[PDB]
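Enquirer: My questions will all concern the structure given below.
Number of protein chains: 2
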Amino acid sequence: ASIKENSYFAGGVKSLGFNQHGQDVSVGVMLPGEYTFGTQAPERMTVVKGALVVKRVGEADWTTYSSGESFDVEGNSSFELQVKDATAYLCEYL
Amino acid sequence: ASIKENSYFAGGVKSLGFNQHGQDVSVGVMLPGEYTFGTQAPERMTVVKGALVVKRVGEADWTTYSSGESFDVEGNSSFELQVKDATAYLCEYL
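Here it is, written out as structure tokens:
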């Protein structure tokens, strides 16, 4: 029942993790840049404020998701993000 | 162009602040409890995932705002929050 702090990519991405109704969730911020993330369990990413530009492995194209939009990232995979402006996001394993 | 980390109430509330298109924004997490916050400039709080139960100064009643809902808090004021379950929020001065 605590709030777990993490920093990544030299402070380019920071997150706050927490349990909600038994489920692990995190909210965070990403500064402008390009980042690669790996998935184990599937993830559902929600853009809280800003936009994330996403390319999942094997995808030919980048797709921009803006505030309020969500995208799923299959498990056992990875995905790239381009961040044009500092952006808040929500991540679930749902 | 950095992500500012803050902790409050012995780790009960933590936040990540950032600029987006010139504007200061923060996302954060609140653990179950009751908290009082003061406002200077007006604030717009958005519940990202969870619920915040709000009573602004002078208000007779508490009002529950759930995921995706927003409420404004006039400036030069204060407001109380009850948090029943760990909850992520977004705060703007907009």
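Residue numbers (the deposited numbering), protein chains in the order written: chain A, 1 to 94; chain A', 1 to 94. A prime marks a further copy of an entry chain. Just so it is clear, CB atoms sit at the ideal spot from N, CA and C, and this is done for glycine as well.
Short of 6 Å in beta carbon distance, which residues of its chain neighbour A':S15, apart from the five on each side in sequence? Order them along the chain.
Expert: Within the same chain, A':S15 has close Cβ partners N6, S26, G28.
Enquirer: At a CB-CB cut-off below 9 Å, which residues of chain A make contact with A':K55?
Expert: Here the premise fails: no neighbours, minimum Cβ distance about 22 Å.
Enquirer: Does A:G11 come out as helix, strand or coil in the three-state DSSP assignment?
Expert: It is helical.
Enquirer: Of all the options A:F37, A:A1, A:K84, which has the alpha carbon lying nearest to the alpha carbon of A:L52?
Expert: Of the listed residues, the one whose Cα sits closest to A:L52 is A:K84.
Enquirer: With 16 as the cutoff for other CB atoms within 10 Å, does A':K4 come out buried or exposed?
Expert: Result: exposed.
Enquirer: Within 10 angstroms of its Cβ, does A:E34 collect 16 or more other Cβ (buried), or is it exposed?
Expert: When all chains shown are included, A:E34 counts as exposed.
Enquirer: For the region 47-66 of chain A' against the region 17-25 of chain A', are there 3 or more C-beta pairs whose distance is under 8 Å?
Expert: No contact exists between the region 47-66 of chain A' and the region 17-25 of chain A'.
Enquirer: DSSP state of A:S67, grouped into three classes?
Expert: A:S67: coil per DSSP, three-state reduction.
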